[PDB]
Every structure is written in structure tokens, then in C-alpha cells.
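Chemist: Experimental coordinates for this protein are included below, preceded by the sequence.
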Number of protein chains: 2
Amino acid sequence: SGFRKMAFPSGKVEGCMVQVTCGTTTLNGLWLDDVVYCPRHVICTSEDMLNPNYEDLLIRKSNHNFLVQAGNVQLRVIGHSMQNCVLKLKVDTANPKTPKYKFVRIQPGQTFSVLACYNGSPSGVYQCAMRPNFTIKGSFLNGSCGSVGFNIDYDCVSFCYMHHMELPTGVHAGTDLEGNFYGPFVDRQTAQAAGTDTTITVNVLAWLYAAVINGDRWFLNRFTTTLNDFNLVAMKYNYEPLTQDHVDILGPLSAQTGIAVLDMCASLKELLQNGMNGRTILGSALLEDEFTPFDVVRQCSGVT
Amino acid sequence: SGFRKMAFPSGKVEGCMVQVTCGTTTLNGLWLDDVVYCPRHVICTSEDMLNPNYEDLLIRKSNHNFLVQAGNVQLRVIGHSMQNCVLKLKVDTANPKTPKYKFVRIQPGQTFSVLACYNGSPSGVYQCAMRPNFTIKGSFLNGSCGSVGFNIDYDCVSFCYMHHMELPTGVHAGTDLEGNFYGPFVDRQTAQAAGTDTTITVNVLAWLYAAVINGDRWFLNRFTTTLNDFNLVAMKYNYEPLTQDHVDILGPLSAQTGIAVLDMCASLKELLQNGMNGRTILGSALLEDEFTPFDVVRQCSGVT
Ligand SMILES: Cc1ccncc1NC(=O)Cc1cccc(O[C@@H]2CC(=O)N2)c1
Ligand SMILES: Cc1ccncc1NC(=O)Cc1cccc(O[C@@H]2CC(=O)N2)c1
């Protein structure tokens, strides 16, 4: 028992972190096979970031201008190319520590672990969620660009995020490993504001199931609701509308606890309308939305 | 910017996790050099756990009865000994992945990362704190025993915890790597209740400094207090008494923000007396006490 914001073990990803330097800028790169992936803004100066023409900036750059270092050893760069907002540096050595991997573009509401790195060295690991407004609420400082987000299935690492920028609001934006930004963000030091950050309803419900499984049951009530009635409440509180697909994914948790999905929705509804009244749920004084129904099942069953 | 409950990268510790089986019981072991450390209750049956005589139970056990497996390969056990509540299984092969390491017994209020394992395989990593009542609020299921807690300084892993048991209250108890339990707990399936869980005041203050550094300043007020006055409030709210040693450790955070420690104490005092009034601090609706002043400096400076 107990329930924690748990990240995947990061070892398979630590073995892929390298340092990429271009001119005066140093950031993190991801070394998989003979390719090093990193944010394309590694080629920019602080002046360039105001209105960068990446195709023009890359013309003035040769293979020898990209310094790639894995630990204390230098990798020889034999090719370079831009794919959307990432640079792919072909090195002459395949990474011997490359795990089984995939590049996956995640959906909003899905969770992932981040291995924050500086100068190609890992500093920490934490669990994140892709917000419905396509930002992530991470912990990143200058030098953290190129840090990756990922999920692990047995021995396969699914890379889903690469950190590129911090918005003036302190929230984070980045790309998938094909260099496509999540959301409308661009790699330019220009005014970019995030949209409305809605709450991931299906994740809050999954966390309510985790709370019941772990002993915190005070919020269970004698009521039920319908999807349409629940969604009227969800709209008023900037919660994502709950669909039958969401109800379906909550099925294993509903079966385990014996609490119908719509009954748990009625508990959520009263929690939204009345608040916690000074109480906590799984040591939290607010409704947690960064555990998917998969994370709850995984944590409560011990999938390694 | 941003502030997250961040754990250390777990790779150096993943390379040490093995599976230890004795009779019908399987738990996790820590393989460092030619020694595998694991909880001594691996030798017990469910009936034995009621009143186990570990010295007598160990008499009926030989080197060949301890099955140690690292991944898919079996380790040959050439020695076994009991040190307090841990067994030390001498194997004939030094772990090639052994990092630089120390065994350290941590103080209450100090934080550490846990790598939860099942069958010698890592499932997740999370950040914990040794509670003032010597329990930890972790996430552990049956099979997780032998999972370790640790800190990393550059390339040195300081092992500080080994998971042994879950109390009927859902909180966790365990030992340092010399087999000495933190707190009064014993490895026996008997009635054991934890003492009063007090709040780690110096950590709450350090987290208030992290909030100021990250933009959340609403809680800053026009007041100050004294150590004695603050401690009268801290006592009423089951908070650890703040000492001059605590004020001293908060010095770098006080210097960085320009907010005197006693001024931050007055903010904490009003927060304790009036609550959050529906507001949040670093995305939390309660006062967080699982970040030491060292964790705040580390996270806000990017120590890798
Ligand atoms: C310093 C830091 C800290 C944490 N995480 C990342 C960074 N770095 C950056 O943000 C550099 C950068 C890269 C692309 C675009 C860009 O402009 C953004 C877009 C907007 O509003 N400001 C800036
Ligand atoms: C099942 C599980 C889940 C999570 N973490 C650990 C476990 N395992 C245990 O707890 C086994 C065990 C080992 C020592 C003592 C012991 O009795 C405790 C003492 C008390 O009150 N109950 C039990």
C-alpha cells in the first residue's frame, strides 16, 4: 500500500544522454544507435532566438561545428540534418548502451517520466503529464534543453518528449523525437501564452480508485450521476469532458474496487462542488490528475 | 523554473538489484562487490513471522538454500551471515556494475530516493523522506522487501534504507544497510504502531524559499517573529521545533532570496494559523515537508 508520483527507472535513458555544443551553446542530446538527437536551437545565439531562420543558420554549420561528448569521450560527427525542430547528428559510433526504443507522439492527459539533464549529465527524474493545453509542468533550468520524456514497457523505452523551451508563465514546451512541437509553440523567443489548462478528469477518477484501494474512502458517497450530468459539472470546473472511452478505460479499476464509474463520478462531483473541507486524499489537499488509469493499475499491481 | 518532487537518476542502483529466494519466499537484494544484502525475513514462512527466532531459523539454512539471481544469471553463494536484520550473502562474483558507494544512516527529516523493485526488477523511482517518527510514506507491495533508499553525490551512491515491512497503518519501516531499523520497529508480524508524525519545519521553510524563487509569493507578509514565538505556533500544529542549526542551514536560501529566515517563519506562522484560503503554493494545497534545504538548492541550481 501507499501511493506515490512514481517515475520509471531511468538507467536505460541515462546511458543515452550526451552533451552537444555548438559555438557557445551547450545542451543535451539523446544518443540512440549512430544518431544524436537534440533541439535545433543549439545553433542559435541569444540574438538569433528573437527571429531565427534555422535553414539559413544551419548553412553556416558543418559536421565539425557540432561537438558531441558522451561522458569524457568525444563522438565524431559524420552527418547532420534538421527534422522539424530537432537536429540529427550522425556519429560514427553506435551507442553500445542503446536500449530497445520507439519514438511515440503522446496524447494530452498521458503521463511520462522526465530525466532532467545538464551538460549531458542526469540530475533527476520525475513524473509528468502532457497537459490538455500541450505544456508540461516540469522542473527545468537553462542548460536542460534536450532532456527527454519517456515511458518503459518491460525493456522498450518509448521516447515521447524532448524539452525545448520555457514559457514566460514558467510552464514548459517541447517536441516529440521527430521534432514536432506539442501544441502551437514555436522555438522562437517570442510572446507565446498557453491556453486554458484543463483538469484531466479520467486521471482524477483513476486516482480516486487508487485512493479507495489504499484505504482513503471518506469521499465515497450514497449518490450516482449520468455522463451528461457529470459533464455539466466538469465544464463549470474546467475539467475535460468524460466520454464512454474514459469509462471503458476505468473498467479494470471499477472491477477491482466494485465501485461503478458513474458512482465514482458522483463522488468527484460532490468533491468539485464542496471541496475537501480541510481533508486530504492520498496525502494531497487537491484532486491529482497526473496518474492515468494505466499508472494506477501498474503501481497497485507492481509491474516491473 | 518549476519545482518537482525529483528523485535521483536510478541507473547506478538498477545495476545492483538482484532477486533472492529462500524456500518459498522471494524478495530483492542489493549486490555490491561480492556481497548481496537483503532483509533477513527472507528465511521466514508466514507462520514464522508471528514470533521468529532468526538465529534458530538460520541454523536450518545453508549457502545452497539462498538462490540469488541477477537478471537471468545465477550467482553462486559461498557464505552467509546475519548482521542485525539483514543477511549478507557472499557470492563468488563481484558485481561488475558496482558503483562507488557508502552505507549511511540518515537522520529523520532527511530525504532519499527509493527504487521500488519486485523479483529483483525495478518498477519505479520516487522521492521519500525519513519521517520524524522513523517511518517512510512509500509505495510498496508484497515482494518489494529489499528495495533500497539512497542519495547520489556526483558518482557516489549513499545507501541509506532497505525496505522491510508495512505497518497496519499503511506506512513503511525498514533498516539502514547495516540492518538496524529506523525507529522502534522489529521484523515481526506483531502490533506495531508509529508515533506522532510531526511536520519537518526546516523542510517546509526550504520549500517556501523554493516557491519564492519560482514566482509563488502571495504568502509573503509584512511580519516577522522570533524562534521562541514561532516554536509556540509550531508546537500547537505538530511541527518540529526550529533551532538555530535549522536557521543556519536555511542561510543560503535566505541569502539568495533576500528574505530573512524569521520573516519566512512569520509567513509560515500565518499559513499555519489561517490556512491557504483555497490557494496553492508550487501546485500544492498543503505545506510540503519532503524537500530539505539541500534539495531546494540542488534543484534550483541544477547539480548533476
Ligand atoms: C532558459 C530555459 C529554462 C528552462 N527550460 C528551457 C530554457 N530555455 C529556453 O527557453 C530557450 C528557448 C528555446 C526556444 C524558444 C524560446 O523562447 C521561449 C518561447 C517563449 O515564450 N520563450 C527560448
Ligand atoms: C506485504 C508488504 C507490503 C509492503 N511492504 C512490505 C510488505 N511485507 C511485510 O510487511 C512483511 C513483514 C516483514 C517484517 C515484519 C512484518 O510485520 C509487520 C510489522 C507489522 O505491524 N506488520 C511483516
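Modeler: Looks like it came in fine. Residues are numbered from 1 along each chain as shown, chains lettered A, B, ... in the order given. Ligands and ions are numbered 1, 2, ... in the order given.
Chemist: which residues touch the residue nearest to residue A:251 when sequence neighbours are not counted?
Modeler: With Cβ to Cβ, 6 or more residues apart in numbering or on different chains as the criterion, residue A:251 has its nearest non-adjacent residue at 7.5 Å, and that residue is residue A:261. Just so you know, the C-beta spots here come from the backbone N, C-alpha and C atoms, and that holds for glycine as well. Shown in contact with residue A:261 (Cβ atoms under 8 Å, 6 or more residues apart in numbering or on different chains): A:205, A:247, A:250-251, A:254.
Chemist: before we move on, what about residue A:299?
Modeler: So residue A:299 contacts A:3-4, A:6, A:210, A:291, B:124, B:139 (Cβ under 8 Å, 6+ apart).
Chemist: Can you add distance to ligand 1, neighbour count and secondary structure and give those back as JSON lines?
Modeler: Below are the contacts of residue A:299 laid out as JSON lines (distance: Cβ to the nearest ligand atom, whole Å; neighbours: other Cβ atoms under 10 Å in any protein chain shown; DSSP: H, G, I helix; E, B strand; the rest coil):
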{"residue": "A:3", "distance to ligand 1": "29", "neighbour count": "27", "secondary structure": "coil"}
{"residue": "A:4", "distance to ligand 1": "25", "neighbour count": "23", "secondary structure": "coil"}
{"residue": "A:6", "distance to ligand 1": "24", "neighbour count": "24", "secondary structure": "coil"}
{"residue": "A:210", "distance to ligand 1": "31", "neighbour count": "24", "secondary structure": "helix"}
{"residue": "A:291", "distance to ligand 1": "25", "neighbour count": "26", "secondary structure": "coil"}
{"residue": "B:124", "distance to ligand 1": "25", "neighbour count": "28", "secondary structure": "strand"}
{"residue": "B:139", "distance to ligand 1": "29", "neighbour count": "24", "secondary structure": "coil"}
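Chemist: can you narrow the residues you listed to ones near ligand 2?
Modeler: Among these, proximity to ligand 2 is found for none (Cβ under 6 Å from any ligand atom).
Chemist: Just name the closest of those residues to ligand 2, please.
Modeler: Of all the contacts of residue A:299, ligand 2 sits closest to residue B:139, with 9.0 Å by Cβ to the nearest ligand atom.
Chemist: ChimeraX command to pick out the buried ones of the contacts of residue A:261?
Modeler: Buried residues among the contacts of residue A:261 (16 or more other Cβ atoms under 10 Å in any protein chain shown), as a ChimeraX selection:
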select /A:205,247,250,254
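Chemist: what's the burial count for residue A:279?
Modeler: Residues lying near residue A:279 (other Cβ atoms under 10 Å in any protein chain shown) number 11.
Chemist: Show me the domain layout of chain A.
Modeler: Domains of chain A are assigned by CATH domains of a matching chain as A:1-14+A:100-197, A:15-99, A:198-301.
Chemist: Any idea how far the helix or strand hosting residue A:205 is from the middle of the chain?
Modeler: Assigning secondary structure by DSSP states H and E places residue A:205 in helix A:201-213. Put simply, helix A:201-213 sits 19 Å off its chain's centre (Cα atoms, centre = their mean, to the nearest Å).
Chemist: Name the residues of stretch A:274-284 that are buried.
Modeler: By neighbour count on 16+ other Cβ under 10 Å, the buried set for stretch A:274-284 is A:276, A:281-282, A:284.
Chemist: and of those residues, the nearest to residue A:147?
Modeler: residue A:284 (26.0 Å; Cβ to Cβ).
Chemist: In contact with that closest one, which residues?
Modeler: Residues near residue A:284 by Cβ under 8 Å, 6+ apart: B:284-286.
Chemist: just to revisit the earlier point, with respect to ligand 2, which of the contacts of residue A:261 is nearest?
Modeler: residue A:254 (24.2 Å).
Chemist: Need the nearest residue in space to the closest residue to chain B within chain A, chain neighbours excluded.
Modeler: Closest contact between chain A and chain B, by Cβ to the nearest Cβ, is at residue A:11 (3.1 Å). Closest residue to residue A:11 apart from its sequence neighbours, by Cβ to Cβ, 6+ apart: residue B:11 at 3.1 Å.
Chemist: about what we covered before: now the two most distant members of the buried residues of stretch A:274-284.
Modeler: So for these, where distance means Cβ to Cβ, the most widely separated pair is A:276 and A:282, at 11.8 Å.
Chemist: residues in contact with residue A:216?
Modeler: By Cβ under 8 Å, 6+ apart, the contact set of residue A:216 is A:280-282.
Chemist: Pick the one among these closest to residue B:270.
Modeler: Of all the contacts of residue A:216, residue B:270 sits closest to residue A:280, with 20.9 Å by Cβ to Cβ.
Chemist: OK, contacts around that closest one?
Modeler: Contacts of residue A:280 (Cβ under 8 Å, 6+ apart): A:216, B:286.
Chemist: could you redo the last one with a cut-off of 10 Å?
Modeler: A:211, A:216, A:218, A:286, B:285-286 (Cβ atoms under 10 Å, 6 or more residues apart in numbering or on different chains).
Chemist: just residue A:148 next, same as before
Modeler: Contact analysis of residue A:148 by Cβ under 10 Å, 6+ apart lists A:13, A:16-17, A:28-30, A:37, A:112-117, A:157, A:159-163, A:174, A:177.
Chemist: residues near the closest residue to residue A:191 other than its chain neighbours, how many?
Modeler: Nearest residue to residue A:191, sequence neighbours excluded (Cβ to Cβ, 6+ apart): residue A:168, at 7.7 Å. Neighbourhood size, residue A:168 [other Cβ under 10 Å]: 10.
Chemist: State the distance from residue A:168 to ligand 1.
Modeler: Distance check for residue A:168 against ligand 1: by Cβ to the nearest ligand atom, to the nearest Å, it reads 5 Å.
Chemist: cool, residue A:258 as well?
Modeler: According to Cβ to the nearest ligand atom, residue A:258 and ligand 1 sit 45 Å apart.
Chemist: quick one: that residue and residue A:212 touch, right?
Modeler: Yes. In this structure, residue A:258 is within contact of residue A:212 by Cβ atoms under 10 Å, at 9.4 Å.
Chemist: In terms of neighbours, single out the busier of those two.
Modeler: More neighbours surround residue A:212 than the other of residue A:258 and residue A:212, with 19 against 8 (other Cβ under 10 Å).
Chemist: Can you name the residues that contact the more buried one?
Modeler: By Cβ under 10 Å, 6+ apart, the contact set of residue A:212 is A:219-220, A:253, A:256-259, A:264, A:267, A:281.
Chemist: where exactly do the helices run in chain A?
Modeler: Counting by DSSP state H, chain A has helices at residues A:11-14, A:54-59, A:201-213, A:227-236, A:244-249, A:251-257, A:261-274, A:293-301.
Chemist: what about the residue in the stretch 51-200 of chain A positioned nearest to ligand 2, neighbour count?
Modeler: Nearest residue of the stretch 51-200 of chain A to ligand 2 (Cβ to the nearest ligand atom) works out as residue A:127 at 20.5 Å. The tally of other residues near residue A:127 (other Cβ under 10 Å) stands at 24.
Chemist: same question, the one 5 residues further on
Modeler: The number of residues packed near residue A:132 is 21, by other Cβ under 10 Å.
Chemist: do you know how far it is from residue A:148?
Modeler: 21 Å (Cβ to Cβ, to the nearest Å).
Chemist: any idea how far residue A:232 is from residue B:99?
Modeler: To residue B:99, residue A:232 is 55 Å away according to Cβ to Cβ.
Chemist: okay, the two: which has more neighbours?
Modeler: Between residue A:232 and residue B:99, counted using other Cβ under 10 Å, residue B:99 has the larger neighbour count: 16 against 12.
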